[PDB]
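Let me begin by presenting the structure, written as structure tokens, before commenting on it.
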Amino acid sequence: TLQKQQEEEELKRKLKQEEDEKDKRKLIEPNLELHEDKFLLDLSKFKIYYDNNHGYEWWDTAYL
Amino acid sequence: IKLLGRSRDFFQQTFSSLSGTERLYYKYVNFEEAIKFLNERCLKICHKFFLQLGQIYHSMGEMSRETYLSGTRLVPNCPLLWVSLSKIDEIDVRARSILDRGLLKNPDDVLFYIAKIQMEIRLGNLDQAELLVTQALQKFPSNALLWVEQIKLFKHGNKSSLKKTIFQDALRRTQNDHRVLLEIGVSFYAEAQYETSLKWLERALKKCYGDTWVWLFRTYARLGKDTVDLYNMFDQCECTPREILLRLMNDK
Amino acid sequence: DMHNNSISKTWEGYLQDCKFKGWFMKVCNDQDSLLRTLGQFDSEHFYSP
Amino acid sequence: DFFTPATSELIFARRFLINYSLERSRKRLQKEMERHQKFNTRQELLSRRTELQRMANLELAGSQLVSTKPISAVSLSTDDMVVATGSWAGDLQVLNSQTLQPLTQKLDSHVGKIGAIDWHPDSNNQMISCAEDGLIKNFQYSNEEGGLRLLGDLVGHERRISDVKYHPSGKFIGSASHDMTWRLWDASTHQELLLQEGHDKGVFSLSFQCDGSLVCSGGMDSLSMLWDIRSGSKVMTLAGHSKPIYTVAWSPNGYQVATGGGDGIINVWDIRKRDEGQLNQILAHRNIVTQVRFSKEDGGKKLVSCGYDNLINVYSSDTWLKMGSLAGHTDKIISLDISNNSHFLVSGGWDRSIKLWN
Amino acid sequence: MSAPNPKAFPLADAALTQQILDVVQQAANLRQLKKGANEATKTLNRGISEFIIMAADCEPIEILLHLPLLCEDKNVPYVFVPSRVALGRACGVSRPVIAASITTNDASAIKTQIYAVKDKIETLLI
């Protein structure tokens with residue numbers, strides 16, 4: 001009789017997983033193809049560049 | 001019921017309880033019909049029904065160009081959809097982009113060019129029309145009508161030399177085609193030397209169609225007297241047709 | 001049933017240096033290992049989602 | 001190699017540049033800093049998506065006729081109210097943007113083939129045009145007058161001058177031609193401040209930056225060569241291209257640049273990262289590329305590309321995914337600009353119309 | 001070579017130049033070619049031309065310099081190849097030939113080679 005309970009466990013778990021997926025989809029709705037990763041703003045690199053410069057771009061840093 | 005109708009609405013109604021059928025029916029409902037089309041048509045190609053619509057509103061009048069905007073966007077093949085739509089919008093140009101819009105959708109057909117040419121001609125600037133011609137003609141060239149406007153463009157086309165040679169090639173490329181033959185004979189006519197035109201005129205007639213005859217009898221109208229017999233050939237070329245010929249004759 | 005199957009040109013053009021020594025047809029099941037498979041030749045962008 | 005100083009006062013100008021540069025850039029960079037703070041992923045994720053449809057939306061409204069020749073250069077005065085249109089006829093004129101009916105006035109230049117025509121950065125009553133003859137032109141567009149008129153003349157390219165641009169200052173102008181030298185002039189006095197060398201073929205195209213410090217220099221050798229102005233220092237130089245570069249496009253970002261040319265492929269050169277984030281290849285059209293633009297306001301998001309493909313494109317500033325193509329024309333497409341408000345699109349071409357887009 | 005004429009607009013390089021002249025000579029054998037300035041000029045007004053070629057080494061350059069102007073008007077691709085004598089040999093003529101013109105035909109067997117060349121031409125014109 002273990003076949004019935006087992007199939008309920010596997011099937012229900014798979015459904016729960018896929019539903020978690022689509023839930024993440026409409027939830028975000030960075031995606032993947034959307035690559036939205038590159039829309040994100042990292043204070044890390046931008047900043048550490050910023051004061052890393054002597055503070056003004058990297059271009060004219062030579063002068064002052 | 002047609003030639004009899006030509007001199008029976010109900011018999012078509014019971015014969016109707018009994019797609020070009022309901023079409024000719026709509027043609028009957030013409031001389032108001034708004035319900036007849038908005039119902040008998042709404043079952044139903046459809047493009048002719050659009051035409052008749054924008055004709056109705058057209059003599060009425062904007063809702064016309066509205067419904068063109070409808071059928072056009074619904075069925076982008078028969079050009080006269082746009083040709084009309086534009087042809088209104090031009091008079092109120094924005095019209096071009098309407099032309100081009102529909103064009104790029106086939107585009108690859110024939111007419112839309114001709115449309116665009118004539119629209120420029122009608123509007124002005126023959127000079128671009130030259131371009132449009134030469135382009136579509138490079139593409140197509142076995143297409144006659146192109147050669148027609150090519151020829152018209154020398155009426156006031158004011159480049160005098162090549163007309164000879166062009167009449168030449170316009171002939172030979174096209175497997176000499178009656179429509180051109182006319183157009184040549186005309187360009188003689190609207191200038192002079194009406195007899196010169198004749199050999200062309202008849203020369204096409206042997207390939208026949210009304211678009212000539214009116215000219216033919218304008219030529220006679222400048223010379224004349226063969227009038228009576230050739231009416232037989234007209235009787236072979238087929239409604240009040242004698243009304244038509246004599247009608248358009250009066251235009252000139 | 002291929003009547004749904006459709007082929008179309010994307011484009012054609014020039015390239016600084018070919019990273020292809022020889023021509024191989026293959027599969028990568030996802031888009032990712034597929035796009036990555038392009039990206040080993042740095043070719044990812046050639047595909048249009 | 002030769003590094004030869006001369007003619008101070010431009011160094012003075014360079015002095016000027018520095019002060020103008022750092023400030024704006026600083027402020028600009030600072031502002032970009034601010035945005036990092038906000039983040040809010042799902043805002044952008046929606047907003048981007050929204051714009052996508054509008055971009056997919058855009059349609060031709062009405063076109064026009066202008067001249068009988070290909071229409072070589074179009075543009076908008078910064079107010080987005082008028083189109084500067086020059087062309088192979090050697091003719092200029094200015095048209096009503098939103099609308100297109102007929103025009104302000106059609107004045108024929110004294111030159112016969114017109115590379116590009118460009119608006120003063122502020123007053124917006126003034127234009128500049130690069131020519132076939134080796135002459136550059138400043139004009140006055142008068143009010144709603146047809147008052148297109150000489151504001152002056154500029155001299156000394158011995159080839160066709162393929163491009164000219166106002167420096168975001170407005171005192172400074174540049175021209176890339178063929179003579180394999182790109183020149184930087186004072187607007188006001190109408191005087192050359194610079195003759196730059198260093199392209200092994202003609203110098204085809206030109207771009208400044210928002211911050212005004214960098215001028216990217218496009219050339220006919222497929223080498224996009226970058227220049228600090230104030231020092232006249234070649235900084236970085238970019239071969240992504242086989243066959244000559246045509247459009248040198250610049251982001252309002254000020255840290256990014258696009259290029260297009262004979263290859264039929266666009267590169268996105270992102271500057272600062274400089275190790276490899278470098279370029280990114282956009283397979284672009286086919287059949288060359290003519291002009292490329294970022295949305296002027298908004299820092300640039302959308303990319304607009306005009307090739308001979310007869311199409312015109314829309315690219316995302318980051319995925320650089322091809323979003324949509326717009327069937328615009330019967331013929332090949334020589335030039336384009338875009339509403340600073342990003343709601344319209346103006347193209348011109350061989351087919352000789354000038355077409356407006358939604 | 002020499003300092004090429006600043007009036008010379010699009011000027012093919014070698015690898016193209018080959019493909020061009022080779023198409024010319026490929027044409028003369030079918031006498032789908034038409035040679036010489038005046039007779040190019042005819043072909044244009046008649047509108048039957050495919051593309052053009054013009055010797056850019058020519059003596060005073062204006063003598064053909066209407067041809068470009070005429071061509072934008074009729075909208076036809078046109079090039080300059082650097083060596084006239086080369087063009088001359090390539091056309092079947094023993095003697096300098098300043099400008100020469102392909103013509104139009106459908107059944108023309110080469111028709112492809114022609115097209116592919118027009119393609120590679122317009123690419124130059126900006």
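One-based numbering along the chain as shown.
Heads up, the Cβ atoms here are built off N, Cα and C, so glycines get one too.
Feature list (source: Swiss-Prot):
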REPEAT    D:66-105  repeat 'WD 1'
REPEAT    D:109-149  repeat 'WD 2'
REPEAT    D:156-195  repeat 'WD 3'
REPEAT    D:198-237  repeat 'WD 4'
REPEAT    D:240-279  repeat 'WD 5'
REPEAT    D:284-325  repeat 'WD 6'
REPEAT    D:328-357  repeat 'WD 7'
| note | Contact count check, CB pairs under 8 angstroms to the repeat 'WD 1' (D:66-105), set D:156-195, D:240-279, D:328-357; argmax is D:328-357
| task | List the helix, strand and coil residue totals of the repeat 'WD 7' (D:328-357) as derived from DSSP. | result | 0 helix, 15 strand, 15 coil
| remark: Same-chain residues at least 6 beyond the ends of the repeat 'WD 2' (D:109-149) with CB under 8 Å of its CB atoms are 72-79, 82, 84-94, 155-170, 173, 175, 177, 185, 187, 190, 335
| remark: Grouping DSSP H, G, I as helix and E, B as strand, the residues of the repeat 'WD 4' (D:198-237) number 0 helix, 18 strand, 22 coil
| request: Please list, for the repeat 'WD 1' (D:66-105), how many residues fall into helix, strand and coil according to DSSP. | output: 0 helix, 11 strand, 29 coil
